file input26.tsv (TSV, N, CA and C atoms)
chain	number	residue	atom	x	y	z
Q	1	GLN	N	13.34	-2.05	-6.85
Q	1	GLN	CA	13.52	-2.04	-5.37
Q	1	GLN	C	12.40	-2.79	-4.67
Q	2	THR	N	12.77	-3.69	-3.77
Q	2	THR	CA	11.79	-4.47	-3.03
Q	2	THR	C	10.88	-3.55	-2.23
Q	3	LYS	N	9.59	-3.89	-2.19
Q	3	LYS	CA	8.62	-3.10	-1.46
Q	3	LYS	C	7.83	-4.00	-0.53
Q	4	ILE	N	7.84	-3.70	0.76
Q	4	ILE	CA	7.13	-4.51	1.74
Q	4	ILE	C	6.12	-3.70	2.53
Q	5	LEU	N	4.97	-4.30	2.83
Q	5	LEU	CA	3.94	-3.62	3.61
Q	5	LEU	C	3.86	-4.29	4.98
Q	6	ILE	N	3.78	-3.47	6.03
Q	6	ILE	CA	3.66	-3.98	7.39
Q	6	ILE	C	2.32	-3.56	8.01
Q	7	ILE	N	1.50	-4.53	8.37
Q	7	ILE	CA	0.19	-4.24	8.94
Q	7	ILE	C	0.17	-4.58	10.43
Q	8	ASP	N	0.27	-3.56	11.27
Q	8	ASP	CA	0.28	-3.75	12.71
Q	8	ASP	C	-0.23	-2.50	13.41
Q	9	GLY	N	-0.94	-2.69	14.51
Q	9	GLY	CA	-1.45	-1.56	15.27
Q	9	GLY	C	-0.33	-1.07	16.16
Q	10	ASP	N	0.57	-1.97	16.54
Q	10	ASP	CA	1.70	-1.60	17.38
Q	10	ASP	C	2.62	-0.77	16.51
Q	11	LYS	N	2.64	0.54	16.76
Q	11	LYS	CA	3.47	1.45	15.98
Q	11	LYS	C	4.94	1.34	16.36
Q	12	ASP	N	5.23	0.86	17.56
Q	12	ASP	CA	6.62	0.69	17.95
Q	12	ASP	C	7.22	-0.40	17.08
Q	13	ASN	N	6.47	-1.49	16.91
Q	13	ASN	CA	6.91	-2.61	16.08
Q	13	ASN	C	7.05	-2.10	14.65
Q	14	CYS	N	6.00	-1.47	14.14
Q	14	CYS	CA	6.02	-0.91	12.79
Q	14	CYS	C	7.26	-0.06	12.58
Q	15	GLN	N	7.61	0.73	13.59
Q	15	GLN	CA	8.76	1.61	13.51
Q	15	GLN	C	10.10	0.87	13.53
Q	16	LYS	N	10.28	-0.05	14.47
Q	16	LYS	CA	11.53	-0.78	14.50
Q	16	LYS	C	11.62	-1.59	13.21
Q	17	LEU	N	10.55	-2.31	12.89
Q	17	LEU	CA	10.52	-3.15	11.70
Q	17	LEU	C	10.84	-2.37	10.43
Q	18	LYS	N	10.25	-1.19	10.30
Q	18	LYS	CA	10.47	-0.35	9.13
Q	18	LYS	C	11.94	0.05	9.04
Q	19	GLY	N	12.43	0.71	10.09
Q	19	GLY	CA	13.81	1.15	10.12
Q	19	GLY	C	14.83	0.07	9.80
Q	20	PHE	N	14.64	-1.11	10.38
Q	20	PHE	CA	15.55	-2.22	10.15
Q	20	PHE	C	15.59	-2.73	8.71
Q	21	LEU	N	14.43	-2.93	8.10
Q	21	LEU	CA	14.36	-3.41	6.71
Q	21	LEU	C	14.71	-2.27	5.76
Q	22	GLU	N	14.50	-1.05	6.23
Q	22	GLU	CA	14.81	0.12	5.43
Q	22	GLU	C	16.34	0.15	5.30
Q	23	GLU	N	17.02	-0.34	6.33
Q	23	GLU	CA	18.47	-0.40	6.34
Q	23	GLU	C	18.98	-1.53	5.44
Q	24	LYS	N	18.11	-2.44	5.03
Q	24	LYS	CA	18.54	-3.53	4.16
Q	24	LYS	C	18.24	-3.20	2.69
Q	25	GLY	N	17.80	-1.97	2.43
Q	25	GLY	CA	17.54	-1.55	1.07
Q	25	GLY	C	16.10	-1.64	0.62
Q	26	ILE	N	15.24	-2.11	1.52
Q	26	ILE	CA	13.83	-2.28	1.24
Q	26	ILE	C	13.00	-1.03	1.55
Q	27	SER	N	12.11	-0.68	0.62
Q	27	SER	CA	11.19	0.45	0.76
Q	27	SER	C	10.00	-0.10	1.55
Q	28	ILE	N	9.65	0.56	2.65
Q	28	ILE	CA	8.57	0.07	3.52
Q	28	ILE	C	7.35	0.95	3.72
Q	29	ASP	N	6.16	0.39	3.51
Q	29	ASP	CA	4.90	1.10	3.72
Q	29	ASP	C	4.29	0.56	5.02
Q	30	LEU	N	3.53	1.40	5.72
Q	30	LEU	CA	2.88	0.97	6.97
Q	30	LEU	C	1.36	1.00	6.86
Q	31	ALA	N	0.70	0.49	7.90
Q	31	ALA	CA	-0.75	0.42	7.96
Q	31	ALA	C	-1.08	-0.03	9.38
Q	32	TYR	N	-1.93	0.72	10.06
Q	32	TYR	CA	-2.27	0.43	11.44
Q	32	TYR	C	-3.53	-0.41	11.64
Q	33	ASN	N	-4.21	-0.69	10.53
Q	33	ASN	CA	-5.44	-1.46	10.59
Q	33	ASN	C	-5.86	-1.94	9.21
Q	34	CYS	N	-6.80	-2.87	9.18
Q	34	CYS	CA	-7.30	-3.42	7.94
Q	34	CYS	C	-7.61	-2.35	6.92
Q	35	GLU	N	-8.53	-1.46	7.28
Q	35	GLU	CA	-8.94	-0.38	6.39
Q	35	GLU	C	-7.74	0.31	5.75
Q	36	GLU	N	-6.80	0.76	6.57
Q	36	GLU	CA	-5.59	1.42	6.09
Q	36	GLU	C	-4.80	0.48	5.19
Q	37	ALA	N	-4.86	-0.80	5.51
Q	37	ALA	CA	-4.15	-1.83	4.76
Q	37	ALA	C	-4.71	-2.02	3.37
Q	38	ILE	N	-6.03	-2.15	3.26
Q	38	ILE	CA	-6.69	-2.34	1.96
Q	38	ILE	C	-6.37	-1.20	1.02
Q	39	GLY	N	-6.22	0.00	1.58
Q	39	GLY	CA	-5.90	1.15	0.76
Q	39	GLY	C	-4.55	0.95	0.12
Q	40	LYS	N	-3.56	0.64	0.94
Q	40	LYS	CA	-2.19	0.41	0.50
Q	40	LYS	C	-2.14	-0.70	-0.55
Q	41	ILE	N	-2.97	-1.71	-0.33
Q	41	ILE	CA	-3.07	-2.87	-1.21
Q	41	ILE	C	-3.67	-2.51	-2.57
Q	42	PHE	N	-4.67	-1.64	-2.56
Q	42	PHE	CA	-5.31	-1.18	-3.79
Q	42	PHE	C	-4.37	-0.25	-4.54
Q	43	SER	N	-3.51	0.43	-3.79
Q	43	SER	CA	-2.60	1.42	-4.35
Q	43	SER	C	-1.18	0.99	-4.70
Q	44	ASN	N	-0.72	-0.15	-4.20
Q	44	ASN	CA	0.65	-0.58	-4.49
Q	44	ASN	C	0.82	-2.07	-4.68
Q	45	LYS	N	1.98	-2.45	-5.21
Q	45	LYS	CA	2.29	-3.85	-5.40
Q	45	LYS	C	3.42	-4.12	-4.43
Q	46	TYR	N	3.29	-5.19	-3.66
Q	46	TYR	CA	4.30	-5.53	-2.69
Q	46	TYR	C	4.95	-6.87	-2.98
Q	47	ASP	N	6.16	-7.05	-2.46
Q	47	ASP	CA	6.89	-8.28	-2.66
Q	47	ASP	C	6.58	-9.19	-1.49
Q	48	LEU	N	6.29	-8.58	-0.35
Q	48	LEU	CA	5.99	-9.33	0.85
Q	48	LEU	C	5.15	-8.47	1.78
Q	49	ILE	N	4.25	-9.11	2.52
Q	49	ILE	CA	3.37	-8.42	3.45
Q	49	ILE	C	3.45	-9.07	4.83
Q	50	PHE	N	3.72	-8.27	5.85
Q	50	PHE	CA	3.76	-8.74	7.23
Q	50	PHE	C	2.39	-8.34	7.78
Q	51	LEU	N	1.72	-9.28	8.43
Q	51	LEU	CA	0.37	-9.08	8.95
Q	51	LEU	C	0.16	-9.60	10.37
Q	52	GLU	N	-0.32	-8.73	11.25
Q	52	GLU	CA	-0.60	-9.12	12.63
Q	52	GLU	C	-1.98	-9.78	12.64
Q	53	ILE	N	-2.27	-10.59	13.65
Q	53	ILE	CA	-3.56	-11.26	13.72
Q	53	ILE	C	-4.69	-10.39	14.27
Q	54	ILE	N	-4.40	-9.65	15.32
Q	54	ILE	CA	-5.41	-8.79	15.92
Q	54	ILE	C	-5.20	-7.35	15.51
Q	55	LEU	N	-6.26	-6.75	14.98
Q	55	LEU	CA	-6.27	-5.37	14.53
Q	55	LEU	C	-7.47	-4.65	15.12
Q	56	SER	N	-7.35	-3.35	15.32
Q	56	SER	CA	-8.44	-2.57	15.90
Q	56	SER	C	-9.76	-2.64	15.12
Q	57	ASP	N	-9.70	-3.01	13.84
Q	57	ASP	CA	-10.93	-3.06	13.05
Q	57	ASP	C	-11.18	-4.36	12.31
Q	58	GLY	N	-10.61	-5.46	12.81
Q	58	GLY	CA	-10.80	-6.75	12.17
Q	58	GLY	C	-9.65	-7.65	12.56
Q	59	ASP	N	-9.62	-8.87	12.04
Q	59	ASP	CA	-8.54	-9.80	12.35
Q	59	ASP	C	-7.66	-10.05	11.13
Q	60	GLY	N	-6.52	-10.68	11.35
Q	60	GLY	CA	-5.60	-10.95	10.26
Q	60	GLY	C	-6.02	-12.09	9.36
Q	61	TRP	N	-6.85	-12.99	9.88
Q	61	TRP	CA	-7.31	-14.12	9.09
Q	61	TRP	C	-8.25	-13.63	7.99
Q	62	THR	N	-9.17	-12.76	8.38
Q	62	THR	CA	-10.12	-12.20	7.44
Q	62	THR	C	-9.42	-11.30	6.44
Q	63	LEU	N	-8.58	-10.40	6.94
Q	63	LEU	CA	-7.83	-9.47	6.10
Q	63	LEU	C	-6.96	-10.23	5.11
Q	64	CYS	N	-6.46	-11.38	5.53
Q	64	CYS	CA	-5.62	-12.17	4.66
Q	64	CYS	C	-6.48	-12.54	3.46
Q	65	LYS	N	-7.57	-13.25	3.71
Q	65	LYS	CA	-8.48	-13.66	2.65
Q	65	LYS	C	-8.79	-12.50	1.70
Q	66	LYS	N	-9.07	-11.34	2.27
Q	66	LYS	CA	-9.40	-10.16	1.47
Q	66	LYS	C	-8.22	-9.71	0.60
Q	67	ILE	N	-7.01	-9.72	1.16
Q	67	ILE	CA	-5.81	-9.31	0.42
Q	67	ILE	C	-5.61	-10.21	-0.78
Q	68	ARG	N	-5.90	-11.50	-0.59
Q	68	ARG	CA	-5.78	-12.48	-1.64
Q	68	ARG	C	-6.72	-12.21	-2.82
Q	69	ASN	N	-7.76	-11.42	-2.59
Q	69	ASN	CA	-8.70	-11.05	-3.64
Q	69	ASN	C	-7.99	-10.07	-4.57
Q	70	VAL	N	-6.87	-9.52	-4.12
Q	70	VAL	CA	-6.16	-8.55	-4.92
Q	70	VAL	C	-4.75	-8.99	-5.30
Q	71	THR	N	-4.08	-9.68	-4.39
Q	71	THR	CA	-2.72	-10.12	-4.65
Q	71	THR	C	-2.36	-11.45	-4.01
Q	72	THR	N	-1.49	-12.21	-4.67
Q	72	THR	CA	-1.05	-13.49	-4.13
Q	72	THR	C	0.34	-13.31	-3.53
Q	73	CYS	N	0.73	-12.05	-3.35
Q	73	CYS	CA	2.01	-11.68	-2.77
Q	73	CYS	C	2.23	-12.42	-1.44
Q	74	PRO	N	3.47	-12.89	-1.16
Q	74	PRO	CA	3.72	-13.60	0.10
Q	74	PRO	C	3.25	-12.84	1.33
Q	75	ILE	N	2.60	-13.55	2.25
Q	75	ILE	CA	2.11	-12.94	3.47
Q	75	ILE	C	2.68	-13.65	4.69
Q	76	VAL	N	3.23	-12.87	5.60
Q	76	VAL	CA	3.82	-13.39	6.83
Q	76	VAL	C	3.21	-12.74	8.08
Q	77	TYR	N	2.53	-13.56	8.89
Q	77	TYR	CA	1.90	-13.13	10.13
Q	77	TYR	C	2.89	-12.86	11.27
Q	78	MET	N	2.61	-11.82	12.05
Q	78	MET	CA	3.43	-11.47	13.20
Q	78	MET	C	2.45	-11.46	14.34
Q	79	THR	N	2.81	-12.09	15.45
Q	79	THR	CA	1.86	-12.15	16.55
Q	79	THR	C	2.38	-12.85	17.80
Q	80	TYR	N	1.85	-12.45	18.94
Q	80	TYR	CA	2.24	-13.09	20.18
Q	80	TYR	C	1.48	-14.40	20.34
Q	81	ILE	N	0.41	-14.58	19.57
Q	81	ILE	CA	-0.40	-15.79	19.67
Q	81	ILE	C	0.32	-17.00	19.10
Q	82	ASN	N	0.72	-17.92	19.97
Q	82	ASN	CA	1.41	-19.11	19.53
Q	82	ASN	C	0.60	-20.37	19.83
Q	83	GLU	N	-0.38	-20.67	18.99
Q	83	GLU	CA	-1.24	-21.84	19.17
Q	83	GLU	C	-1.43	-22.55	17.82
Q	84	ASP	N	-1.46	-23.88	17.83
Q	84	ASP	CA	-1.63	-24.63	16.59
Q	84	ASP	C	-2.83	-24.24	15.75
Q	85	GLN	N	-3.96	-24.00	16.39
Q	85	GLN	CA	-5.16	-23.65	15.66
Q	85	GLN	C	-5.08	-22.30	14.98
Q	86	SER	N	-4.44	-21.35	15.63
Q	86	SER	CA	-4.28	-20.04	15.04
Q	86	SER	C	-3.38	-20.10	13.80
Q	87	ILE	N	-2.31	-20.90	13.87
Q	87	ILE	CA	-1.37	-21.03	12.76
Q	87	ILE	C	-1.96	-21.77	11.56
Q	88	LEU	N	-2.63	-22.89	11.81
Q	88	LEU	CA	-3.23	-23.67	10.74
Q	88	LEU	C	-4.21	-22.76	10.00
Q	89	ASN	N	-4.87	-21.89	10.76
Q	89	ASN	CA	-5.85	-20.98	10.19
Q	89	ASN	C	-5.18	-19.90	9.34
Q	90	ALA	N	-4.14	-19.29	9.89
Q	90	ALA	CA	-3.40	-18.25	9.19
Q	90	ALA	C	-2.86	-18.77	7.85
Q	91	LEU	N	-2.26	-19.96	7.89
Q	91	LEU	CA	-1.70	-20.59	6.69
Q	91	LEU	C	-2.73	-20.98	5.64
Q	92	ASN	N	-3.90	-21.43	6.07
Q	92	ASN	CA	-4.92	-21.85	5.14
Q	92	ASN	C	-5.67	-20.70	4.52
Q	93	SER	N	-5.65	-19.55	5.18
Q	93	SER	CA	-6.35	-18.37	4.68
Q	93	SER	C	-5.58	-17.72	3.56
Q	94	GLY	N	-4.48	-18.36	3.18
Q	94	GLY	CA	-3.66	-17.84	2.11
Q	94	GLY	C	-2.30	-17.40	2.60
Q	95	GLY	N	-2.01	-17.67	3.87
Q	95	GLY	CA	-0.74	-17.28	4.46
Q	95	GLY	C	0.44	-18.19	4.16
Q	96	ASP	N	1.64	-17.61	4.14
Q	96	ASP	CA	2.87	-18.36	3.84
Q	96	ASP	C	3.71	-18.75	5.07
Q	97	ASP	N	3.99	-17.80	5.94
Q	97	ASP	CA	4.76	-18.08	7.14
Q	97	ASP	C	4.09	-17.37	8.31
Q	98	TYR	N	4.49	-17.73	9.53
Q	98	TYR	CA	3.90	-17.19	10.74
Q	98	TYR	C	5.00	-17.03	11.82
Q	99	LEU	N	5.38	-15.80	12.13
Q	99	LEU	CA	6.43	-15.52	13.12
Q	99	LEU	C	5.87	-15.08	14.47
Q	100	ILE	N	6.53	-15.47	15.55
Q	100	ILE	CA	6.08	-15.12	16.89
Q	100	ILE	C	6.85	-13.96	17.53
Q	101	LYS	N	6.12	-13.08	18.21
Q	101	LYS	CA	6.70	-11.92	18.88
Q	101	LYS	C	7.22	-12.27	20.27
Q	102	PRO	N	8.22	-11.51	20.76
Q	102	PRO	CA	8.86	-10.39	20.07
Q	102	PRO	C	9.71	-10.87	18.90
Q	103	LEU	N	9.46	-10.30	17.73
Q	103	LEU	CA	10.17	-10.68	16.52
Q	103	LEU	C	11.70	-10.70	16.62
Q	104	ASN	N	12.28	-11.76	16.06
Q	104	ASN	CA	13.73	-11.97	15.99
Q	104	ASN	C	14.14	-11.43	14.61
Q	105	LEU	N	14.39	-10.13	14.54
Q	105	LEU	CA	14.73	-9.48	13.28
Q	105	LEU	C	15.75	-10.19	12.40
Q	106	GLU	N	16.66	-10.94	13.01
Q	106	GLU	CA	17.66	-11.65	12.23
Q	106	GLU	C	17.07	-12.81	11.44
Q	107	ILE	N	16.37	-13.71	12.12
Q	107	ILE	CA	15.77	-14.85	11.45
Q	107	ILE	C	14.70	-14.33	10.49
Q	108	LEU	N	14.11	-13.19	10.82
Q	108	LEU	CA	13.09	-12.58	9.97
Q	108	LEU	C	13.68	-12.26	8.61
Q	109	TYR	N	14.75	-11.48	8.61
Q	109	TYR	CA	15.41	-11.08	7.38
Q	109	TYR	C	15.94	-12.29	6.59
Q	110	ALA	N	16.27	-13.39	7.28
Q	110	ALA	CA	16.75	-14.57	6.57
Q	110	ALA	C	15.57	-15.12	5.78
Q	111	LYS	N	14.40	-15.19	6.43
Q	111	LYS	CA	13.17	-15.66	5.80
Q	111	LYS	C	12.83	-14.74	4.62
Q	112	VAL	N	12.87	-13.44	4.87
Q	112	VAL	CA	12.59	-12.46	3.85
Q	112	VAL	C	13.44	-12.73	2.62
Q	113	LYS	N	14.74	-12.95	2.82
Q	113	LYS	CA	15.65	-13.22	1.71
Q	113	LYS	C	15.37	-14.56	1.04
Q	114	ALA	N	15.06	-15.57	1.84
Q	114	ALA	CA	14.77	-16.88	1.31
Q	114	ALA	C	13.53	-16.78	0.42
Q	115	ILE	N	12.54	-16.00	0.86
Q	115	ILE	CA	11.28	-15.84	0.12
Q	115	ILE	C	11.43	-15.09	-1.21
Q	116	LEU	N	12.21	-14.01	-1.20
Q	116	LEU	CA	12.43	-13.25	-2.41
Q	116	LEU	C	13.30	-14.08	-3.34
Q	117	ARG	N	14.28	-14.78	-2.77
Q	117	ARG	CA	15.16	-15.62	-3.57
Q	117	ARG	C	14.28	-16.56	-4.39
Q	118	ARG	N	13.42	-17.29	-3.71
Q	118	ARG	CA	12.51	-18.20	-4.38
Q	118	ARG	C	11.67	-17.43	-5.40
Q	119	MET	N	11.09	-16.33	-4.94
Q	119	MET	CA	10.24	-15.46	-5.73
Q	119	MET	C	10.91	-15.04	-7.04
Q	120	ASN	N	12.18	-14.67	-6.97
Q	120	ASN	CA	12.91	-14.21	-8.15
Q	120	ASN	C	13.74	-15.27	-8.87
Q	121	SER	N	14.48	-16.07	-8.12
Q	121	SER	CA	15.30	-17.13	-8.71
Q	121	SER	C	14.56	-18.48	-8.68
call {"tool": "encode", "arguments": {"input": "input26.tsv", "output": "structure tokens"}}
result
Amino acid sequence: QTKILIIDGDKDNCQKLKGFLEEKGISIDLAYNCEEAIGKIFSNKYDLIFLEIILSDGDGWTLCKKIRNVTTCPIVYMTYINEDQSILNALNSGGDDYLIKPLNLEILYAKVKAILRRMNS
């Protein structure tokens, strides 16, 4: 069973995001900040990780680099920040894709499927 981790301080997003992917057969873990995230990372293996840029205890660029010290699992940023410099940074820190909020759950799940497809097939 696919397992995805969502790292966001916005619990409303975490909740909608969880419920929706949970409906697609995916088991979902949450994390409201870096610290909480590293724990989940040390404790589980994920197929995909959604990561916000701004967190109450650090940023997504740094956390990305840190996650890569443990896993090369696909990482997808979620954020209202839509600027070229932020994206080039997210992608170079070990990131794969970068989605803009408010998230379009449909295109999201298409990406999710495209990524696992590649990952498995």
call {"tool": "closest_residue", "arguments": {"input": "input26.tsv", "among": "Q:86, Q:58, Q:41, Q:120", "to": "residue 71 of chain Q", "atoms": "all atoms listed in the file"}}
result
Q:41
call {"tool": "residues_near_point", "arguments": {"input": "input26.tsv", "point": "(13.6, -8.4, 13.5)", "cutoff": "9 Å", "atoms": "only C-alpha atoms", "output": "VMD selection string"}}
result
chain Q and resid 16 to 17 20 to 21 102 to 109
call {"tool": "atom_distance", "arguments": {"input": "input26.tsv", "atom1": "atom CA of residue 46 of chain Q", "atom2": "atom N of residue 5 of chain Q"}}
result
5.7 Å
call {"tool": "atom_distance", "arguments": {"input": "input26.tsv", "atom1": "atom CA of residue 42 of chain Q", "atom2": "atom CA of residue 27 of chain Q"}}
result
17.2 Å
call {"tool": "residues_around", "arguments": {"input": "input26.tsv", "residues": "residue 95 of chain Q", "least_positions_apart": "4", "cutoff": "7 Å", "atoms": "all atoms listed in the file", "output": "ChimeraX atom specification"}}
result
/Q:64,74-77,89-91
call {"tool": "closest_residue", "arguments": {"input": "input26.tsv", "among": "Q:45, Q:118, Q:111, Q:101", "to": "residue 2 of chain Q", "atoms": "all atoms listed in the file"}}
result
Q:45
call {"tool": "atom_distance", "arguments": {"input": "input26.tsv", "atom1": "atom C of residue 115 of chain Q", "atom2": "atom C of residue 1 of chain Q"}}
result
12.8 Å
call {"tool": "select_by_dssp", "arguments": {"input": "input26.tsv", "residues": "segment 77-117 of chain Q", "states": "strand (DSSP E or B)", "output": "list in words"}}
result
residues 77, 78, 79, 97, 98, 99 and 100 of chain Q
call {"tool": "write_last_selection", "arguments": {"input": "input26.tsv", "atoms": "N, CA and C atoms", "output": "compact mmCIF listing (two decimals), in the coordinates of the input"}}
result
# COMPACT_ATOMS: atom_id res chain seq x y z
N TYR Q 77 2.53 -13.56 8.89
CA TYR Q 77 1.90 -13.13 10.13
C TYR Q 77 2.89 -12.86 11.27
N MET Q 78 2.61 -11.82 12.05
CA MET Q 78 3.43 -11.47 13.20
C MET Q 78 2.45 -11.46 14.34
N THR Q 79 2.81 -12.09 15.45
CA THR Q 79 1.86 -12.15 16.55
C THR Q 79 2.38 -12.85 17.80
N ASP Q 97 3.99 -17.80 5.94
CA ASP Q 97 4.76 -18.08 7.14
C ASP Q 97 4.09 -17.37 8.31
N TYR Q 98 4.49 -17.73 9.53
CA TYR Q 98 3.90 -17.19 10.74
C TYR Q 98 5.00 -17.03 11.82
N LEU Q 99 5.38 -15.80 12.13
CA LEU Q 99 6.43 -15.52 13.12
C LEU Q 99 5.87 -15.08 14.47
N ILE Q 100 6.53 -15.47 15.55
CA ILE Q 100 6.08 -15.12 16.89
C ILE Q 100 6.85 -13.96 17.53
call {"tool": "residues_around", "arguments": {"input": "input26.tsv", "residues": "residue 69 of chain Q", "least_positions_apart": "3", "cutoff": "12 Å", "atoms": "only C-alpha atoms", "output": "ChimeraX atom specification"}}
result
/Q:38,41-42,62-66,72-73,93-94
call {"tool": "residues_around", "arguments": {"input": "input26.tsv", "residues": "residue 52 of chain Q", "least_positions_apart": "2", "cutoff": "6.5 Å", "atoms": "all atoms listed in the file", "output": "list in words"}}
result
residues 7, 8, 50, 54, 55, 59, 60, 61, 76, 77, 78 and 79 of chain Q
call {"tool": "residues_around", "arguments": {"input": "input26.tsv", "residues": "residue 82 of chain Q", "least_positions_apart": "2", "cutoff": "10 Å", "atoms": "only C-alpha atoms", "output": "count of residues only"}}
result
10
call {"tool": "closest_residue", "arguments": {"input": "input26.tsv", "among": "Q:9, Q:48, Q:18, Q:68", "to": "residue 31 of chain Q", "atoms": "only N, CA and C atoms"}}
result
Q:9
call {"tool": "decode", "arguments": {"input": "input26.tsv", "residues": "segment 78-99 of chain Q", "atoms": "C-alpha atoms", "output": "compact mmCIF listing (two decimals), in the first residue's frame"}}
result
# COMPACT_ATOMS: atom_id res chain seq x y z
CA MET Q 78 3.11 22.88 -1.56
CA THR Q 79 3.03 26.61 -1.11
CA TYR Q 80 1.45 29.94 -1.90
CA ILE Q 81 4.90 31.26 -2.82
CA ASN Q 82 5.07 31.44 -6.59
CA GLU Q 83 8.48 32.92 -7.51
CA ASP Q 84 11.23 31.62 -9.82
CA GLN Q 85 13.92 31.83 -7.16
CA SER Q 86 11.94 29.89 -4.61
CA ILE Q 87 11.23 27.09 -7.13
CA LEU Q 88 14.78 26.78 -8.48
CA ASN Q 89 15.84 26.48 -4.85
CA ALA Q 90 13.23 23.89 -3.90
CA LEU Q 91 14.15 21.74 -6.92
CA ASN Q 92 17.90 21.95 -6.37
CA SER Q 93 17.65 21.06 -2.70
CA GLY Q 94 16.58 17.64 -3.82
CA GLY Q 95 13.00 18.45 -4.77
CA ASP Q 96 11.03 16.88 -7.62
CA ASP Q 97 7.91 18.99 -8.21
CA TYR Q 98 6.47 22.22 -6.79
CA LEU Q 99 2.68 22.88 -6.58
